[PDB]
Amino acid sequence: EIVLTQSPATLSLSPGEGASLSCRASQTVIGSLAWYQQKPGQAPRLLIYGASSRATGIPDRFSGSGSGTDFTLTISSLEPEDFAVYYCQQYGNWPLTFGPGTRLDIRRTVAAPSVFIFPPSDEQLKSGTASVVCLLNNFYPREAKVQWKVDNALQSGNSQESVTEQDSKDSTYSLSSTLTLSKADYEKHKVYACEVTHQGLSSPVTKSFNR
């Protein structure tokens, strides 16, 4: 099975720069190597086949090259519509395989998140469950760390995270982390804290409340 690896996983570039995306096969590709672009909510769009042949109607700022086990896709000058996910794919060996994809986002100045902590509503507590929500608002880059602390004890296993898509206007990201616990466990503790680590913060930021 031809495992395709794509590097790097993410690429932050400004419009007008060039992009170079790498695909490596675990063994020689004797068939066809293809590159696809995918936007959220749409089908993939074929950009390149045969490692270098551009598909009909594709703008010529897209080009591909390579052979054997190494292939690169080059976008000469980036347009705003070009920020998307890109997949390499091989045909000829079964199963047909895809790369995990490279994500291209817009680069901007560092923005530390605004942190907010939300206790569960009394209405939810009447139902027997508690949700504690931590919001990281309008940060760049996407990489960030969120740690839950209950009565100064780090929590693991009962947290779920969600991230918005990059904002069209300011190119920022927003994150939510939800700590779900039974009402019984929720009333056993007092201090609920959210600790946020991000490149835009010199020291971690903690937002907390008392039950």
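One-based numbering along the sequence shown.
S.K.: Please compare 37 to 45 with 140 to 148 and say which has the higher mean C-alpha temperature factor in the record.
M.R.: Result of the comparison: 140 to 148.
S.K.: Check the entry's C-alpha temperature factors for 185 to 193 and 16 to 24, then say which stretch has the higher mean.
M.R.: The stretch with the larger average C-alpha B-factor is 185 to 193.
S.K.: Tell me which of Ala84, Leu73, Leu125, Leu96 tops the list for C-alpha B factor in the record.
M.R.: Highest CA B-factor of the listed options: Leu125.
S.K.: Could you check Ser162, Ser67, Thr180, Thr172 and tell me which one carries the biggest Cα B-factor in the deposited entry?
M.R.: Comparing C-alpha B-factors across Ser162, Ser67, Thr180, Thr172, the maximum falls on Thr180.
S.K.: Hey, what third does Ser121 fall into on Cα B-factor, ranked over its chain?
M.R.: Its C-alpha B-factor, which the entry lists for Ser121, ranks in the highest third among residues of this chain.
S.K.: Relative to the other modelled residues of the same chain, rank the CA B-factor of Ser32 and answer lowest, middle or highest third.
M.R.: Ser32: CA B-factor falls in the lowest third of its chain.
S.K.: When the deposited Cα B-factors of this chain's modelled residues are ordered and cut into thirds, is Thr5 in the lowest, the middle or the highest one?
M.R.: For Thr5, whose C-alpha B-factor we compare with every modelled residue in the chain, the answer is the lowest third.
S.K.: Which third, lowest, middle or highest, does the CA B-factor of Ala51 fall in along this chain?
M.R.: It falls in the bottom third of the chain.
S.K.: Looking at the temperature factor on the CA atom of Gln90, which third of the chain's modelled residues does it land in?
M.R.: Lowest third of the chain for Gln90's C-alpha B-factor.
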